[PDB]
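The chain below stands alone, shown as structure tokens; this is the form solved without the ligand.
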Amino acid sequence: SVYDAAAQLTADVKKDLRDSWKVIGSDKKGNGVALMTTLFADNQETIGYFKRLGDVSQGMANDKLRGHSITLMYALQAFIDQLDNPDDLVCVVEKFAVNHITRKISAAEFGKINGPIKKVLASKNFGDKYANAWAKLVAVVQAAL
């Protein structure tokens, strides 16, 4: 359950999330778009869920993609900000899951974001330790889908 997955965020895992986010969340537009383009490149099958965004290969020049990418980073920001209180992290995660459930996005489908995150982290000199920490966070959202 989401309450059990949230308890998997141990002390060091939370610390690593904060340390990496400090750098990554420093450029929400840049890292946000990079995150989305990497997803579409490594998992072309997910582009179908984003028909409304139009020509996704345009990248930064696509206003709708840019708007979505920026917005996505604020959701991550919200998660990081709730790490201190498990009860608040959970209600924020379930709130966020509502619309993804409506789009019929499964836990397995959501998990495809781990690849893009690992690559963006690596581009910033953050290794496997950090990618695994983020996977743990993503797993909390997966438990709610």
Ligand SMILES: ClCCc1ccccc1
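Sequential numbering from 1, following the sequence displayed.
The same protein also has a form deposited with the ligand bound, omitted here; what follows describes it.
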- Message: Taking any heavy atom pair closer than or equal to 4.5 Å as contact, tell me whether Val90 reaches the ligand in the bound PDB entry.
- Response: no
- Message: How about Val56 - does it come within 4.5 Å of the ligand in the bound PDB entry, if we only consider non-hydrogen atoms?
- Response: no
- Message: If we define contact as a non-hydrogen atom of the residue within 4.5 angstroms of the partner, is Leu83 a contact of the ligand in the bound PDB entry?
- Response: no
- Item | Stretch 20-49 - residues with a heavy atom within 4.5 Å of the ligand in the bound PDB entry | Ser20, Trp21, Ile24, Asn31, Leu35
